[PDB]
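Novice: coordinates only, sequence not included:
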């Protein structure tokens with residue numbers, strides 16, 4: 001049966017046109033399409049990372065109140081997902097940044113979390129993701145922001161839910177020992193921490209390309225991050241990943257995913273980037289009926305379900 005605990009897809013749209021805050025619903029952004037999620041549940045996908053913006057969710061100050069509309073829109077998608085007994089990763093897809101500025105205050109960032117997590121404390125199925133891809137910031141600030149998030153989360157009474165933590169340098173698996181050695185120290189009263197890492201297989205690991213380095217680069221780019229979790233006794237999930245619609249990329253996705261499954265003692269799952277209504281002709285679209293990674297990878301991914 002199941003090679004991992006979890007397997008799913010990112011569901012994007014609510015974090016789009018990030019150049020536009022608040023931005024208009026239906027024009028700059030949109031929520032995932034529940035019909036299509038369902039098409040991906042029928043299929044065996046049982047966890048879904050749904051990104052959003054901190055700026056649209058709780059405008060002006062991250063100490064502020066929730067935007068009723070945008071959050072009403074957002075919860076509707078999270079509740080459908082869990083409603084069918086699948087895990088729903090709440091992803092403030094903001095890159096360590098609030099209105100362009102690196103988040104530095106731990107207090108405001110926890111007051112952001114306690115306000116978001118509050119709305120989901122009694123939903124066993126929701127998983128909290130502190131922020132997407134901390135980059136070009138100090139390690140200490142990132143560790144402390146991961147620590148604050150946890151605190152505002154638990155302190156609001158969401159003690160049942162997994163917390164997904166994320167490294168600096170875009171929380172990438174290939175660079176995890178270069179930079180994120182110190183993420184070790186983070187603590188949880190519920191002890192439900194998982195080190196969510198991303199891995200892409202292009203030259204620079206940006207994602208932006210449908211060409212892979214090699215057919216082995218996958219398994220290569222996650223050995224260091226794996227031993228780290230084994231050695232320090234931690235759990236991790238490859239939060240984001242993809243391959244381009246071509247043999248070499250697939251070969252490397254299969255090889256990378258083998259290694260993770262052979263190491264399921266520490267790897268709890270993975271989720272394709274990305275499903276969602278507005279991807280269209282995207283190299284990495286898992287949205288049916290005609291998403292390129294749908295036609296390409298869906299038959300490969302349901303080998304591990």
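Specialist: Great, that's in hand. Residues are numbered from 1 along each chain as shown.
Novice: Which residue lies nearest the spatial centre of the protein?
Specialist: residue 239 (4.3 Å; CA atoms, centre = their mean).
Novice: what sits against that residue?
Specialist: By CB atoms under 8 Å, 6 or more residues apart in numbering, the contact list for residue 239 reads 10, 49, 89, 129, 164, 166, 171, 196, 197, 198, 270, 271. Where you see a C-beta, it was placed from the backbone N, CA and C, and this is true even at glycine.
Novice: helix/strand/coil for it?
Specialist: The local conformation at residue 239, judged by DSSP: H, G, I helix; E, B strand; the rest coil, is strand.
Novice: Okay, it and residue 183: tell me how far apart.
Specialist: In this view, residue 239 and residue 183 are 14 Å apart by CB to CB, to the nearest Å.
Novice: now residue 230
Specialist: Applying CB to CB, the value for residue 230 to residue 183 is 15 Å.
Novice: How about residue 153?
Specialist: Using CB to CB, residue 153 is found at 17 Å from residue 183.
Novice: How about residue 48?
Specialist: Distance from residue 48 to residue 183, by CB to CB: 24 Å.
Novice: Would you mind telling me which of those two has the busier surroundings?
Specialist: Each of residue 48 and residue 183 has its neighbours counted (other CB atoms under 10 Å); residue 48 has more, 27 against 23.
Novice: and that one, backbone torsions?
Specialist: Backbone torsions of residue 48, given as degrees, to the nearest 10, read phi -140, psi 110.
Novice: do the one 3 residues further on as well
Specialist: Listed backbone geometry of residue 51 is phi -70, psi 160, with angles given as degrees, to the nearest 10.
Novice: what residues are up against the closest residue in space to it that isn't next to it in sequence?
Specialist: Nearest non-adjacent residue to residue 51, counting by CB to CB, 6 or more residues apart in numbering: residue 93, 3.5 Å away. By CB under 8 Å, 6+ apart, the contact list for residue 93 reads 15, 51, 52, 53, 131, 132.
Novice: mind checking which helix or strand the fifth one is in?
Specialist: Take DSSP states H and E as the rule and residue 131 turns out to sit in neither a helix nor a strand.
Novice: any idea how far it lies from residue 76?
Specialist: 22 Å.
Novice: The first one now?
Specialist: Shown here: residue 15 relative to residue 76, a distance of 16 Å by CB to CB.
Novice: okay, these two: which has more neighbours?
Specialist: More neighbours surround residue 15 than the other of residue 15 and residue 76, with 20 against 12 (other CB under 10 Å).
Novice: Run a quick check on residue 12 versus residue 48, I expect a contact.
Specialist: No: the pair residue 12 and residue 48 does not pass the contact test of CB atoms under 8 Å, sitting 10.8 Å apart.
Novice: Find the residues that touch each one of these two.
Specialist: By CB under 8 Å, 6+ apart, residue 12 and residue 48 have these common neighbours: 32, 275.
Novice: What is the burial count for the residue nearest to residue 84 when sequence neighbours are not counted?
Specialist: With sequence-adjacent residues excluded and distances taken as CB to CB, 6+ apart, residue 84 is closest to residue 41, at 5.6 Å. Taking other CB under 10 Å as the criterion, the count of residues near residue 41 is 18.
Novice: And the helices in the stretch 201-305 of the chain, which stretches?
Specialist: 217-220, 223-232, 247-261, 292-301 (DSSP state H, counting those that start in this stretch).
Novice: Give me the buried positions along the last one.
Specialist: Read that as helix 292-301. For helix 292-301, the buried set under the neighbour-count rule, 16 or more other CB atoms under 10 Å, comprises 292, 293, 294, 296, 297, 298, 301.
Novice: can I get those residues in JSON lines with distance to residue 261?
Specialist: Below are the buried residues of helix 292-301 laid out as JSON lines (distance: CB to CB, whole Å):
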{"residue": "292", "distance to residue 261": "24"}
{"residue": "293", "distance to residue 261": "19"}
{"residue": "294", "distance to residue 261": "22"}
{"residue": "296", "distance to residue 261": "20"}
{"residue": "297", "distance to residue 261": "16"}
{"residue": "298", "distance to residue 261": "18"}
{"residue": "301", "distance to residue 261": "12"}
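Novice: Lovely, talk soon.
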